[PDB]
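Take a look at this single chain in structure tokens; it is the form deposited in one PDB entry.
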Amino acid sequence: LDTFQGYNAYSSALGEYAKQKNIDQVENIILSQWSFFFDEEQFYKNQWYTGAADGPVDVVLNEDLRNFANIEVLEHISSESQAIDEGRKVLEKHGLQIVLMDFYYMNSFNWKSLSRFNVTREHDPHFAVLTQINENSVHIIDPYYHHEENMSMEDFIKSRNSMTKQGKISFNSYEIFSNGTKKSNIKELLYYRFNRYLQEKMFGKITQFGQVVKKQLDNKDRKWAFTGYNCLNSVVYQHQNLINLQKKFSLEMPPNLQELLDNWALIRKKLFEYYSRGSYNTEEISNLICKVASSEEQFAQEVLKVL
């Protein structure tokens, strides 16, 4: 499908809703995000430990939506007694509901398209958009994986009341609400993001990621590299989103933005190869990560000079 990508499941759902319902500023605030995190504690629990943002909810994006647009994302927790009828009310009034769903019950990404046939099912929280409630069936759009599916009501209820690796889903839904909006110019959004990126030394988190990768040479469990591959899609998306902003707004960018995208895509390729191919190239992957960290630091500084 031709759905809004964002840079993660949460931002993809928020942006898809905003696009369909003509809610101002949300798309531009998502597309102008520039972030990196690394959590060594989450690395060793094999939770989602790196990329653009901790999740499933992107708290930094919510802070940006509040600070720039005075936009609040309200979390509705519900019960099996109320959740579907509240959905009906929301669908009647708005046509769409943003929901938290256990990805175990979704089939959104075809791993066989990348020659991975051992498609392990995991209880991971994921954002989708509910578009239709019938008797014993529902329709949902997964805007992050550009997939739709019809799901039995029984499977939809199970996906929304499931214990996951990140805790219990309890029919959670997300309402985009505004007290009173503000307009932000795209240059202001990028200026704040790049200033914050450098001030919080987010490039330093890329270096930390690189140093932890170097220390996995003797680790026979390669699960971290599959987790990292999935986590870093969010960084590739932020790079592509900034390229799309440059085109749309005819912006001034440092000349190596495409090269940085290419570097992150190669890191992903080598992580996926390490996970699946049994290579002993943690040193090579570490060095690529440590190289892009220096490049991203310089890129952020140059954006602020030219923007």
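Between two forms, the rigid core is the largest collection of C-alphas that superpose within 1.5 Å. Start at 1 with the first residue shown and count on from there.
Q: Of the two stretches 219-227 and 177-185, which shows the higher Cα B-factor on average in the entry?
A: That would be 177-185.
Q: Averaging CA B factors per stretch from the PDB record, which one is higher: 97-105 or 80-88?
A: Stretch with the greater average CA B-factor: 80-88.
Q: Would you mind finding, among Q47, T50, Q240, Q33, the residue with the largest C-alpha temperature factor in the entry?
A: Of the candidates given, the C-alpha B-factor peaks at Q47.
Q: With respect to the C-alpha temperature factors reported in the PDB entry, which of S170, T207, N233, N136 ranks highest?
A: Answer, based on the entry's C-alpha B-factors: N136.
Q: Would you check the entry's CA temperature factor for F43 and let me know if it's in the chain's lowest, middle or highest third?
A: Middle third by C-alpha B-factor.
Q: Classify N22 as lowest, middle or highest third according to the C-alpha B-factor given in the PDB entry, relative to its own chain.
A: According to the entry, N22 has a C-alpha B-factor in the chain's highest third.
Q: Considering only modelled residues of the same chain, in which third does the CA B-factor of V119 rank: lowest, middle or highest?
A: It belongs to the highest third of the chain when residues are ordered by C-alpha B-factor.
Q: Which third, lowest, middle or highest, does the C-alpha temperature factor of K112 belong to within its own chain?
A: Middle third.
Q: Tell me, lowest, middle or highest third: where does the Cα B factor of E63 rank within its chain?
A: Middle third, going by the recorded CA B-factors of the chain.
Quick note: we don't show the form deposited in another entry, though the next part is all about it.
Q: Looking at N110, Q211, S170, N185, which has a Cα shift of 2 angstroms or more between the shown form and the other one when the rigid core is held fixed?
A: Single residue meeting the criterion: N110.
Q: Against the shown form, C-alpha atoms of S113 and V235 in that other deposited form: closer or farther, for a change of 3 Å or more?
A: Distance between the C-alphas of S113 and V235: longer in that other deposited form, by 3 Å or more.
Q: Taking the cut-off of 3 Å or more as given, in which direction does the distance between the C-alpha atoms of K158 and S113 change in that other deposited form, closer or farther?
A: Distance between the C-alphas of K158 and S113: shorter in that other deposited form, by 3 Å or more.
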